[PDB]
**Q** 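The structure under discussion is supplied below as structure tokens; questions concerning it will follow.
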Amino acid sequence: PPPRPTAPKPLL
Amino acid sequence: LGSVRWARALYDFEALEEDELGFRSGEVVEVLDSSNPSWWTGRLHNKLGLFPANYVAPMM
């Protein structure tokens with residue numbers, strides 16, 4: 001797969 | 001808005017943090033929020049969480 005994202009995650 | 005309501009997993013995603021929704025390739029995920037360019041929110045097997053946007057193919 002592609003690399004994981006590194007952006008901060010939004011809340012849920 | 002072009003929102004995504006369903007997406008097909010292109011790859012396996014292993015949840016590494018508690019807020020993440022893991023899945024296996026080919027699974028059809030319910031997309032609840034597709035507005036963040038990195039992390040989408042989905043539901044699968046009664047679990048809610050975040051997953052990478054580029055790991056799936058929006059359906060329809």
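The analysis underlying the following values was restricted to heavy atoms, covering all of them including side chains, and did not include hydrogens, waters or symmetry mates. Chain letters run A, B, ... following the sequence lines, proteins first, then strands; residues in each count from 1.
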**Q** Within the structure provided, determine whether B/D33 and A/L12 are in side-chain contact (heavy-atom separation under 4.5 Å).
**A**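 In short, these two side chains do not touch, never coming nearer than 4.5 Å.
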**Q** Any side-chain to backbone donor/acceptor pair from B/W39 onto B/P52? Under 3.5 Å, distance only.
**A**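 Flag not set: sc B/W39 to bb B/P52 has no pair under 3.5 Å.
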**Q** Could you check whether B/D12 pairs with B/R24 (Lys NZ or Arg NE/NH1/NH2 to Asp/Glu carboxylate O, under 4.0 Å)?
**A**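 Salt bridge between B/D12 and B/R24, a charged N being under 4.0 Å from a carboxylate O: no.
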**Q** Taking A/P2's backbone N and O only, do any of them form a donor-acceptor pair with B/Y55's side chain (distance below 3.5 Å, no angle check)?
**A**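 Answer holds: yes.
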**Q** Could you tell me whether a side-chain N or O of B/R8 sits under 3.5 Å from a main-chain N or O of B/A57, the two making a donor and an acceptor?
**A**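 No, because the side chain of B/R8 does not come within donor-acceptor range (under 3.5 Å) of the backbone of B/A57.
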**Q** CG of B/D19 to CG of B/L50: how many Å apart, nearest 0.5 Å?
**A**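 Rounded to the nearest 0.5 Å, the CG-CG separation comes to 5.0 Å.
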**Q** Between B/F13 and B/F51, does the ring centre distance come in under 6.0 Å?
**A**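 No, ring centres 6.0 Å or more apart.
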**Q** What are the two closest non-hydrogen atoms of B/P37 and B/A53, and how far apart are they?
**A**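 Minimum heavy-atom separation between B/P37 and B/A53: O-CB, 3.7 Å.
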**Q** So, do B/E30 and B/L44 sit near enough that their side-chain heavy atoms are less than 4.5 Å apart?
**A**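 When only atoms from C-beta onward are counted, B/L44 and B/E30 do not touch, as no gap falls below 4.5 Å.
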**Q** What are the two closest non-hydrogen atoms of B/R43 and B/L21, and how far apart are they?
**A**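 Heavy atoms of B/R43 and B/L21 come nearest at N-CD2, 3.9 Å.
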**Q** Hey, does the side chain of B/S25 reach the backbone of B/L10 with a donor-acceptor pair shorter than 3.5 angstrom?
**A**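 It does hold such a pair.
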**Q** Same cluster or not: B/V29 versus B/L48, using hydrophobic residues (I, L, V, M, F, W, Y) connected whenever any side-chain heavy atoms lie under 4.5 Å apart?
**A**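 Linked within one cluster.
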**Q** Would you mind reporting whether A/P10 and B/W40 have side-chain heavy atoms less than 4.5 Å apart?
**A**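 No, side chains not in contact.
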**Q** Are B/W6 and B/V31 close enough that some pair of their side-chain heavy atoms sits under 4.5 Å apart?
**A**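 In short, these two side chains do not touch, never coming nearer than 4.5 Å.
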**Q** Is there a donor-acceptor pair under 3.5 Å between the side chain of B/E20 and the backbone N or O of B/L16?
**A**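 Indeed, once roles are kept as given, a pair shorter than 3.5 Å links the two residues.
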**Q** Under the 3.5 angstrom rule, does the side chain of B/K47 hit a backbone N or O of B/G22 as a donor-acceptor pair?
**A**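 Checked: pair present.
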